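Listed next as structure tokens is one chain, alone, in the form deposited in one PDB entry.
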């Protein structure tokens, strides 16, 4: 006999998964011919390429478990193989007599190299590789080609292109495996019958003390549930305007599908389709960019630009990225990183992020502006690194693209609009409920100065039971000074970049 292998990296789902579907249709149209091994490889390699926080490990843990459960309903299971792909594939190709290897493609530079290295080994051992582009609605390679070789650097140009592009058909779940034996133990399974079993919380989350609330359980199952719940309110869906959603409401004002899209637990293609259906039905609806489909197109846009630039996540050697003399201030960085900037609004955001691993888009704006061009004049690369560690939805392309946007390094050039770490939150949370929740030391402060505790007299501070400098830090910088400085600095950097 011989093996068919689906390799999950992203695309952690059964729905709308051409790569997995193909393996399943194949084994069913030729029964008794083939063994099926859907695998995930727990690469030690990415830990050296990427920071991963406790919260994201738990989401991946929950994601793998859900995928196991899902595959067992199809008369299969998930095989979680430990080890580096370069070491793993030689072995299993031979040890499993692998005829076909499918996977969903991915544009991240680590993926690209790892995937080419595997496609080389697969050719050498006569293994048939078929790859699918189903992580994004559009193939960035087709977008780029339609634009004569370059990625469009504006949303609207991007939209122009993708509008004249074929929407792909969305698949359903694969047909249950008909009459499949469980693959016979291999060399590794024989010495340990649990060696390909889904990791437990304990194996994956080395730092259990860093886990915040379990709010967004990983996995396809929950992604589909959460999507169904979001689309319930068709008016909210149809009329959605991203800029008008609150960053600091206590419940998320957007869908929080981002972690599910990031891992491929939800197909972006299914989501786009379901949204299309609601828009046909609802004649009064918002349009890109502010619309919900618009949000998905942002995702497509950043994937397209990122696909064309291997150094997307760094300032140096990045065709898109303004060269800016960011400064090193390790103290300021640490204070920002841990929400001890002494700006409550910023602190609350940084604290929500560390605890829960998701914050609203405009909350990300606020903190990212503060760290970079707004206040601390720290490289967006540092911000990126902390987001990468803390966000459930951390996404190489999306994280880098937005950081470049926010720091006015790329795509956005109007650096003289600066968020106020004092005023910005006030528009949507005048009572400061959000701040009370995440910065509870300040909970006794009236709304009049909860955004601005340094406005309270020392004796009122004692009264509120939080004295600035002992219970809550003084501001690490004075917004009113530094932001004016940073505009000049930005102005200078823009000029020297203009003249190269």
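Residues that one form lacks are left out of the comparison. Residue numbers count along the first chain shown, from 1. By rigid core we mean the largest C-alpha set that fits within 1.5 Å across both forms.
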- request: Using what the record says, work out whether there is a hole in the model between residue 333 and residue 334 and how many deposited residues it spans (none, 1 to 3, 4 to 9, 10 or more).
  value: 1 to 3
- request: Look at the stretch from residue 141 to residue 142 and count the residues of the deposited sequence that the entry does not model, then pick none, 1 to 3, 4 to 9, or 10 or more.
  value: 1 to 3
field: Higher-B stretch (mean Cα B-factor, as the entry records it), 113-121 or 397-405
entry: 113-121
message: Regarding 46-54 and 61-69, which shows the higher C-alpha temperature factor on average in the entry?
response: 46-54
- prompt: From 242, 225, 166, 299, pick the one with the largest CA B-factor in the entry?
  reply: 166
- prompt: Of 268, 100, 378, 367, which one's C-alpha B factor is largest in the deposited record?
  reply: 100
message: Quick check for you: using the entry's CA B-factors within this chain, is residue 175 in the lowest, middle or highest third?
response: highest
message: By the recorded C-alpha temperature factor, relative to the other modelled residues in its chain, which third is residue 182 in?
response: highest
field: Third of chain Cα B-factors occupied by residue 483
entry: middle
- prompt: So where's residue 13 on the chain's Cα temperature factor ranking, which third?
  reply: lowest
message: Quick check on the deposited entry: does the C-alpha B-factor of residue 371 sit in the lowest, middle or highest third of its chain?
response: lowest
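In what follows, reference is made to the form deposited in another entry, a form of this protein that is not presented.
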- request: With the two forms aligned on their rigid core, point out which item of 29, 468, 50, 463 shifts its C-alpha by 2 Å or more between this form and the one not shown.
  value: 50
field: Relative Cα spacing, residue 53 and residue 50, in the other form - shift of 3 Å or more
entry: closer
statement: Output row for the residue 308-residue 48 CA distance, |change| of 3 angstroms or more in the other form, reads farther
query: Considering only residues present in both forms, which runs of at least 3 consecutive residues have all C-alphas displaced by 2 Å or more between this form and the one not shown after core superposition?
result: 43-50
